[PDB]
Amino acid sequence: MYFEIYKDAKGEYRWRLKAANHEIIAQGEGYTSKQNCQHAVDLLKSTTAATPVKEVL
Amino acid sequence: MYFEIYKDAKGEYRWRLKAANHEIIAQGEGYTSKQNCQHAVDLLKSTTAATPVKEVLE
């Protein structure tokens with residue numbers, strides 16, 4: 001399991017989590033600068049199993 | 001900091017990471033089932049700072 005940061009064809013930065021077999025497990029959304037994208041990833045990984053999951057009803 | 005799962009106009013399910021001042025940090029992707037969306041979130045939160053981050057670039 002590892003994260004992967006790249007630049008798409010349109011011209012924006014994005015991320016995606018790959019499995020052991022290099023299989024895509026989750027896709028992220030676009031960003032302006034590479035800096036902002038990297039900050040988002042660090043926040044996601046600083047997330048614990050105690051982070052609440054809420055649904056809008 | 002918390003995750004939020006909701007539905008758009010296309011009928012797809014998606015998530016987002018909100019912060020204190022109701023500020024969106026990260027955005028999900030379209031999902032065809034509330035079940036699949038919840039599984040993605042659990043996998044994301046099961047990652048730690050030890051999880052490797054590989055970045056490619058021009």
# chains A, B, ... in the order shown; residues from 1 in each chain; ligands from 1

$ residues_around --residues "residue 5 (chain A)" --least-positions-apart "5" --cutoff "6 Å" --atoms "only C-alpha atoms" --output "VMD selection string"
(chain A and resid 14 to 15) or (chain B and resid 55)

$ interface_residues --of "chain B" --to "chain A" --cutoff "10 Å" --atoms "only C-alpha atoms" --output "JSON, numbers by chain"
{"B": [1, 2, 3, 4, 5, 6, 7, 15, 17, 24, 25, 26, 27, 28, 29, 30, 37, 38, 39, 40, 41, 42, 43, 44, 45, 46, 47, 48, 49, 50, 51, 52, 53, 54, 55, 56, 57, 58]}

$ atom_distance --atom1 "CA of residue 19 (chain B)" --atom2 "CA of residue 34 (chain B)"
22.3 Å

$ select_by_dssp --residues "chain A" --states "alpha helix (DSSP H)" --output "JSON list (two decimals) with C-alpha atoms, in the first residue's frame"
[["chain", "number", "residue", "atom", "x", "y", "z"],
["A", 34, "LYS", "CA", 2.26, 20.65, -6.25],
["A", 35, "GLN", "CA", 2.68, 22.07, -2.76],
["A", 36, "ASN", "CA", -1.02, 22.06, -1.97],
["A", 37, "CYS", "CA", -1.38, 18.49, -3.21],
["A", 38, "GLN", "CA", 1.38, 17.23, -0.99],
["A", 39, "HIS", "CA", -0.14, 18.94, 2.06],
["A", 40, "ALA", "CA", -3.49, 17.21, 1.44],
["A", 41, "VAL", "CA", -1.81, 13.80, 1.34],
["A", 42, "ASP", "CA", 0.03, 14.39, 4.62],
["A", 43, "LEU", "CA", -3.25, 15.32, 6.31],
["A", 44, "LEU", "CA", -4.97, 12.18, 5.00],
["A", 45, "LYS", "CA", -2.22, 9.94, 6.31]]

$ residues_around --residues "residue 11 (chain B)" --least-positions-apart "3" --cutoff "9 Å" --atoms "only C-alpha atoms" --output "NGL selection string"
:B and (7-8 or 31-32)

$ decode --residues "region 3-39 of chain A" --atoms "N, CA and C atoms" --output "PDB file, in the first residue's frame"
ATOM      1  N   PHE A   3       1.059   5.740  -1.594  1.00  0.00           N
ATOM      2  CA  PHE A   3       0.435   6.862  -2.298  1.00  0.00           C
ATOM      3  C   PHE A   3       1.299   7.211  -3.498  1.00  0.00           C
ATOM      4  N   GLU A   4       0.686   7.816  -4.510  1.00  0.00           N
ATOM      5  CA  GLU A   4       1.401   8.190  -5.730  1.00  0.00           C
ATOM      6  C   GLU A   4       0.930   9.557  -6.247  1.00  0.00           C
ATOM      7  N   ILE A   5       1.852  10.522  -6.319  1.00  0.00           N
ATOM      8  CA  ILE A   5       1.554  11.871  -6.785  1.00  0.00           C
ATOM      9  C   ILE A   5       2.056  12.092  -8.215  1.00  0.00           C
ATOM     10  N   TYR A   6       1.186  12.600  -9.089  1.00  0.00           N
ATOM     11  CA  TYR A   6       1.555  12.822 -10.485  1.00  0.00           C
ATOM     12  C   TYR A   6       0.832  14.009 -11.108  1.00  0.00           C
ATOM     13  N   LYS A   7       1.166  14.320 -12.357  1.00  0.00           N
ATOM     14  CA  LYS A   7       0.541  15.428 -13.070  1.00  0.00           C
ATOM     15  C   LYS A   7      -0.259  14.852 -14.243  1.00  0.00           C
ATOM     16  N   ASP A   8      -1.566  15.101 -14.314  1.00  0.00           N
ATOM     17  CA  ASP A   8      -2.351  14.533 -15.421  1.00  0.00           C
ATOM     18  C   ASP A   8      -2.157  15.255 -16.752  1.00  0.00           C
ATOM     19  N   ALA A   9      -2.944  14.873 -17.758  1.00  0.00           N
ATOM     20  CA  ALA A   9      -2.850  15.468 -19.103  1.00  0.00           C
ATOM     21  C   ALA A   9      -3.392  16.897 -19.216  1.00  0.00           C
ATOM     22  N   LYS A  10      -4.360  17.248 -18.370  1.00  0.00           N
ATOM     23  CA  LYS A  10      -4.954  18.574 -18.386  1.00  0.00           C
ATOM     24  C   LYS A  10      -4.006  19.617 -17.833  1.00  0.00           C
ATOM     25  N   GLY A  11      -3.148  19.209 -16.911  1.00  0.00           N
ATOM     26  CA  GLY A  11      -2.216  20.159 -16.331  1.00  0.00           C
ATOM     27  C   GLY A  11      -2.395  20.462 -14.849  1.00  0.00           C
ATOM     28  N   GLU A  12      -2.899  19.496 -14.077  1.00  0.00           N
ATOM     29  CA  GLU A  12      -3.096  19.680 -12.636  1.00  0.00           C
ATOM     30  C   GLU A  12      -2.579  18.508 -11.800  1.00  0.00           C
ATOM     31  N   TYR A  13      -2.189  18.784 -10.561  1.00  0.00           N
ATOM     32  CA  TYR A  13      -1.640  17.763  -9.671  1.00  0.00           C
ATOM     33  C   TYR A  13      -2.658  16.885  -8.957  1.00  0.00           C
ATOM     34  N   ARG A  14      -2.396  15.588  -8.905  1.00  0.00           N
ATOM     35  CA  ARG A  14      -3.324  14.715  -8.204  1.00  0.00           C
ATOM     36  C   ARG A  14      -2.687  13.493  -7.551  1.00  0.00           C
ATOM     37  N   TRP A  15      -3.461  12.778  -6.743  1.00  0.00           N
ATOM     38  CA  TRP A  15      -2.940  11.609  -6.041  1.00  0.00           C
ATOM     39  C   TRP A  15      -3.825  10.376  -6.202  1.00  0.00           C
ATOM     40  N   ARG A  16      -3.283   9.216  -5.839  1.00  0.00           N
ATOM     41  CA  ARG A  16      -4.004   7.941  -5.911  1.00  0.00           C
ATOM     42  C   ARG A  16      -3.296   6.874  -5.054  1.00  0.00           C
ATOM     43  N   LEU A  17      -4.074   6.088  -4.312  1.00  0.00           N
ATOM     44  CA  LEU A  17      -3.519   5.033  -3.453  1.00  0.00           C
ATOM     45  C   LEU A  17      -3.461   3.675  -4.165  1.00  0.00           C
ATOM     46  N   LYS A  18      -2.265   3.114  -4.295  1.00  0.00           N
ATOM     47  CA  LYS A  18      -2.106   1.831  -4.953  1.00  0.00           C
ATOM     48  C   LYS A  18      -1.897   0.695  -3.956  1.00  0.00           C
ATOM     49  N   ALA A  19      -2.382  -0.491  -4.316  1.00  0.00           N
ATOM     50  CA  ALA A  19      -2.261  -1.670  -3.472  1.00  0.00           C
ATOM     51  C   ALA A  19      -0.894  -2.325  -3.629  1.00  0.00           C
ATOM     52  N   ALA A  20      -0.744  -3.529  -3.084  1.00  0.00           N
ATOM     53  CA  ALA A  20       0.530  -4.248  -3.168  1.00  0.00           C
ATOM     54  C   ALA A  20       0.911  -4.591  -4.610  1.00  0.00           C
ATOM     55  N   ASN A  21      -0.096  -4.954  -5.408  1.00  0.00           N
ATOM     56  CA  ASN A  21       0.073  -5.330  -6.814  1.00  0.00           C
ATOM     57  C   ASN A  21      -0.007  -4.135  -7.764  1.00  0.00           C
ATOM     58  N   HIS A  22       0.266  -2.943  -7.248  1.00  0.00           N
ATOM     59  CA  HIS A  22       0.219  -1.732  -8.057  1.00  0.00           C
ATOM     60  C   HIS A  22      -1.208  -1.475  -8.568  1.00  0.00           C
ATOM     61  N   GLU A  23      -2.203  -1.984  -7.841  1.00  0.00           N
ATOM     62  CA  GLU A  23      -3.609  -1.813  -8.218  1.00  0.00           C
ATOM     63  C   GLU A  23      -4.200  -0.540  -7.603  1.00  0.00           C
ATOM     64  N   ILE A  24      -4.952   0.215  -8.398  1.00  0.00           N
ATOM     65  CA  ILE A  24      -5.548   1.455  -7.912  1.00  0.00           C
ATOM     66  C   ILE A  24      -6.691   1.196  -6.937  1.00  0.00           C
ATOM     67  N   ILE A  25      -6.556   1.720  -5.719  1.00  0.00           N
ATOM     68  CA  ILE A  25      -7.583   1.557  -4.684  1.00  0.00           C
ATOM     69  C   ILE A  25      -8.437   2.798  -4.491  1.00  0.00           C
ATOM     70  N   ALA A  26      -7.887   3.963  -4.806  1.00  0.00           N
ATOM     71  CA  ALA A  26      -8.640   5.198  -4.654  1.00  0.00           C
ATOM     72  C   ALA A  26      -8.029   6.322  -5.483  1.00  0.00           C
ATOM     73  N   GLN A  27      -8.886   7.168  -6.048  1.00  0.00           N
ATOM     74  CA  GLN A  27      -8.452   8.294  -6.871  1.00  0.00           C
ATOM     75  C   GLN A  27      -8.796   9.589  -6.161  1.00  0.00           C
ATOM     76  N   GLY A  28      -7.907  10.567  -6.293  1.00  0.00           N
ATOM     77  CA  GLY A  28      -8.132  11.865  -5.678  1.00  0.00           C
ATOM     78  C   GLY A  28      -8.627  12.888  -6.694  1.00  0.00           C
ATOM     79  N   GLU A  29      -8.689  14.151  -6.290  1.00  0.00           N
ATOM     80  CA  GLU A  29      -9.138  15.203  -7.173  1.00  0.00           C
ATOM     81  C   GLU A  29      -7.985  16.146  -7.474  1.00  0.00           C
ATOM     82  N   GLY A  30      -8.233  17.093  -8.376  1.00  0.00           N
ATOM     83  CA  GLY A  30      -7.202  18.034  -8.792  1.00  0.00           C
ATOM     84  C   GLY A  30      -6.741  19.112  -7.836  1.00  0.00           C
ATOM     85  N   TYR A  31      -5.595  19.694  -8.154  1.00  0.00           N
ATOM     86  CA  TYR A  31      -5.044  20.755  -7.342  1.00  0.00           C
ATOM     87  C   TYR A  31      -4.295  21.753  -8.213  1.00  0.00           C
ATOM     88  N   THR A  32      -4.081  22.934  -7.652  1.00  0.00           N
ATOM     89  CA  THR A  32      -3.391  24.014  -8.319  1.00  0.00           C
ATOM     90  C   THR A  32      -1.880  23.809  -8.363  1.00  0.00           C
ATOM     91  N   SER A  33      -1.219  23.928  -7.214  1.00  0.00           N
ATOM     92  CA  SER A  33       0.233  23.771  -7.126  1.00  0.00           C
ATOM     93  C   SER A  33       0.591  22.396  -6.570  1.00  0.00           C
ATOM     94  N   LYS A  34       1.835  21.953  -6.767  1.00  0.00           N
ATOM     95  CA  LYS A  34       2.263  20.654  -6.252  1.00  0.00           C
ATOM     96  C   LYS A  34       2.331  20.695  -4.729  1.00  0.00           C
ATOM     97  N   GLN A  35       2.573  21.885  -4.197  1.00  0.00           N
ATOM     98  CA  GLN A  35       2.682  22.068  -2.765  1.00  0.00           C
ATOM     99  C   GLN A  35       1.365  21.753  -2.075  1.00  0.00           C
ATOM    100  N   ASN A  36       0.278  22.312  -2.583  1.00  0.00           N
ATOM    101  CA  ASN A  36      -1.018  22.062  -1.971  1.00  0.00           C
ATOM    102  C   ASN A  36      -1.432  20.595  -2.009  1.00  0.00           C
ATOM    103  N   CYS A  37      -1.032  19.893  -3.061  1.00  0.00           N
ATOM    104  CA  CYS A  37      -1.382  18.493  -3.211  1.00  0.00           C
ATOM    105  C   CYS A  37      -0.668  17.646  -2.184  1.00  0.00           C
ATOM    106  N   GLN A  38       0.593  17.970  -1.950  1.00  0.00           N
ATOM    107  CA  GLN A  38       1.382  17.225  -0.994  1.00  0.00           C
ATOM    108  C   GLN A  38       0.873  17.428   0.440  1.00  0.00           C
ATOM    109  N   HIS A  39       0.379  18.624   0.730  1.00  0.00           N
ATOM    110  CA  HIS A  39      -0.144  18.936   2.055  1.00  0.00           C
ATOM    111  C   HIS A  39      -1.404  18.127   2.333  1.00  0.00           C
TER     112      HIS A  39
END
